[PDB]
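Participant: The structure is given below, and queries will be raised subsequently.
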Amino acid sequence: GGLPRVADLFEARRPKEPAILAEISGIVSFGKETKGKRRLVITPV
DNA sequence: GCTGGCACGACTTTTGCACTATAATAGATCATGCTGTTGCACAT
């Protein structure tokens, strides 16, 4: 907030916790072989 | 006859060659890109 943000908005700095989006058809895939790494690998056909 | 600016034979000055243990000091963030090390995923 405040206005170390008009600078922040114009610098196009990535936020700490970005939100991921999807594509044309996000069908259900949950996660195939969700190992100890990043789990729930979404694979919408 | 008296005087005041010009040259000459020693002396004097200039110039290239030329080689030569102790200590000011540390109190911003903030972001970005690169490098090295480690852990996750696949293969015979």
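Chain labels run A, B, ... following the order of the structure tokens; each chain numbers its residues from 1, and ligands are numbered from 1 in the order shown.
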DSSP on the backbone, helix (DSSP H, G or I) only: what residues of chain A does that give? Format it as number ranges by chain.

Facilitator: A: 6-11

Participant: For the selection just defined, write its residues with N, CA, C and O atoms to a file, as a CSV table (one decimal), in the first residue's frame.

Facilitator:
```csv
chain,number,residue,atom,x,y,z
A,6,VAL,N,3.1,3.0,-6.7
A,6,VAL,CA,3.1,3.6,-8.0
A,6,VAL,C,4.4,3.3,-8.7
A,6,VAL,O,4.5,3.0,-9.9
A,7,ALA,N,5.5,3.4,-8.0
A,7,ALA,CA,6.8,2.9,-8.5
A,7,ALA,C,6.8,1.4,-8.7
A,7,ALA,O,7.3,0.9,-9.7
A,8,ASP,N,6.3,0.7,-7.7
A,8,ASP,CA,6.3,-0.8,-7.7
A,8,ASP,C,5.4,-1.2,-8.9
A,8,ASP,O,5.8,-2.2,-9.6
A,9,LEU,N,4.3,-0.6,-9.1
A,9,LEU,CA,3.4,-1.0,-10.2
A,9,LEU,C,4.1,-0.7,-11.6
A,9,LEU,O,4.0,-1.6,-12.5
A,10,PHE,N,4.7,0.4,-11.7
A,10,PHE,CA,5.4,0.7,-13.0
A,10,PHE,C,6.7,-0.1,-13.2
A,10,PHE,O,7.0,-0.3,-14.4
A,11,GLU,N,7.4,-0.4,-12.2
A,11,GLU,CA,8.6,-1.3,-12.4
A,11,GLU,C,8.2,-2.7,-12.8
A,11,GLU,O,9.0,-3.5,-13.2
```

Participant: Report as a list in words all protein, DNA and RNA residues lying within 10 Å of residue 37 (chain A), evaluated on only C-alpha atoms (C1' of nucleotides), omitting residues in the same chain fewer than 4 positions from it.

Facilitator: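 Here the answer would be residues 39, 40 and 41 of chain B.
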
Participant: Considering only C-alpha atoms (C1' of nucleotides), return as a ChimeraX atom specification whatever protein or nucleic-acid residues lie within 8 Å of residue 42 (chain A), sequence-local ones (same chain, fewer than 5 positions apart) excluded.

Facilitator: /A:28-32

Participant: Per residue of chain A within 10 Å of chain B, note the shortest atom pair and the distance in Å to one decimal, counting only C-alpha atoms (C1' of nucleotides), and order the rows by chain and increasing residue number, as a tab-separated table.

Facilitator:
```
residue	atom	partner	partner_atom	distance
A:13	CA	B:31	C1'	9.3
A:35	CA	B:40	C1'	8.8
A:36	CA	B:40	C1'	8.1
A:37	CA	B:40	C1'	6.8
A:38	CA	B:40	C1'	9.9
```

Participant: How many Å lie between CA of residue 39 (chain A) and CA of residue 20 (chain A), rounded to one decimal?

Facilitator: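 Interatomic distance here is 14.4 Å.
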
Participant: CA of residue 18 (chain A) to CA of residue 43 (chain A): how many Å, to one decimal?

Facilitator: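 Between these atoms lies a distance of 19.9 Å.
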
Participant: Could you state the separation of CA of residue 41 (chain A) and CA of residue 26 (chain A) in Å, given to one decimal place?

Facilitator: 12.5 Å
